[PDB]
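**Student:** If you scroll down you'll find the structure; I have some questions about it.
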Amino acid sequence: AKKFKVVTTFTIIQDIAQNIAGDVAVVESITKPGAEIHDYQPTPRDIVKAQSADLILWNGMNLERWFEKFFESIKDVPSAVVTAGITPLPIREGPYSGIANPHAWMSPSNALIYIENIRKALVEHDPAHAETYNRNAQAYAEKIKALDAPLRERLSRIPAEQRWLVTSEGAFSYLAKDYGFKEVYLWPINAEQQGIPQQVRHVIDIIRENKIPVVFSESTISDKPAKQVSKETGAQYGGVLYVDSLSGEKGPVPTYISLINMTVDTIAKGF
Ligand SMILES: [Fe+3]
């Protein structure tokens, strides 16, 4: 029959929700793999897609600067914020200083809270399949819990004072806290903004003082600033990390678990 339909704002939530839904519901993302999610510009096709859903999931913590305006065009579709109950880390500098850092899913322990909020919403709005959602959610939570040991072991060759995570967007604060990294970034959160040219200068100073070997970019933004930082410092360009989007289904990062694993693997490789 016509399955229960879930529409999410972006792809990370889509993949977590589809694991809870199983074959009982269809989960689709508004944004496409690779697309920039903070300042995404919704289209009329997106309105129809969201309006066709039985349930809409979004991150909150003002990740989707577009969502609240967009949702005003949607009628009679329930929504749920999937970061309910997560304690935010605040943005530390720049024009969004003090706002929640929205990238909470980069902590796998936070992902357990994402999972519970999505399970609750699915059970509430599709009670006919509650037993499947509950079974799937507990099974998926166990797979997330099983990542912690291999993740920490993968990063264990890097001594503490050397654990510096230099990226483009400061999107990794929750992962960095979880695994004991100090964070440096070229801009605090994706946005149209000033201060990136002069922040590139400051990051160049921090790398030299701390002999940081590697700097990274991310899959939905330009690698040019991080590549420039590598050329003006003694640091390697360690490649592309994944945070704001999955890849395509055939790509290297088709799932949330693969995103966490590949990002940690890529960091580890860089040292
Ligand atoms: Fe981001």
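What you see of chain A is 39-309, where the numbers are those given in Swiss-Prot.
Determined by X-ray crystallography, 1.9 Å, according to the entry header.
Each residue, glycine too, has its Cβ placed from N, Cα and C.
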**Student:** Which one of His76, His240 goes with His141, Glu207, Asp282 at the Fe(2+) site, as Swiss-Prot has it?
**Tutor:** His76
**Student:** In terms of DSSP three-state secondary structure, what is the assignment for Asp282 (Fe(2+) binding site)?
**Tutor:** coil
**Student:** So which of the binding-site residues is most packed in, judged by how many other Cβ atoms lie within 10 Å of its Cβ, out of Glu207, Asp282?
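**Tutor:** Its Cβ has the most other Cβ atoms within 10 Å: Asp282.
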**Student:** Sequence gap of 6 or more, C-beta under 8 Å: which same-chain residues meet both conditions with respect to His76 (Fe(2+) binding site)?
**Tutor:** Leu101, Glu102, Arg103, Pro140, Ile227, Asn228, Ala229, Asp282
